[PDB]
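Just the one chain here, laid out as structure tokens, in the form deposited without the ligand.
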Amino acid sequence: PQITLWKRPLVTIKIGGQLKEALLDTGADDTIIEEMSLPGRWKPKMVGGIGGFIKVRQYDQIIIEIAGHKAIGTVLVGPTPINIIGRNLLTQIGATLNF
């Protein structure tokens, strides 16, 4: 699709068998999801933004369906105030910014 930016670019995702709403975020290097369970091993990570840093769990090789497009990559899980799809998965669905 072509997504205008008058409103937040929110989409439905499927992750870990669960449907969630998430923000398509070109300013995010990484994908950050609210607390949930994911399979496999994880390692701790700190991610920083406006406000400071939060501690997350890093899961590698996670499959997400993003507005119907499958992508695999790293997902960070922790106390984000919004689910964020970052560039590490936006590239895999072919997303570009155009003007």
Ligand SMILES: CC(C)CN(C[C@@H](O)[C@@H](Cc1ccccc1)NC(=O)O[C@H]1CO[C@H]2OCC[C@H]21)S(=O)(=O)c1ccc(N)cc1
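Sequential numbering from 1, following the sequence displayed.
Just so you know, the form deposited with the ligand bound exists too; it's not on screen, but the next bit is about it.
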| item | value |
| --- | --- |
| is_contact(residue 44, the ligand) in the deposited bound form, heavy atom dist at most 4.5 Å | yes |
| Contact of residue 77 with the ligand in the deposited bound form (heavy atom, 4.5 Å) | yes |
| Partner proximity in the deposited bound form: residue 62 to the ligand, non-hydrogen atom cutoff 4.5 Å | no |
| Contact flag, residue 56 vs the ligand in the deposited bound form, heavy atom cut 4.5 Å | yes |
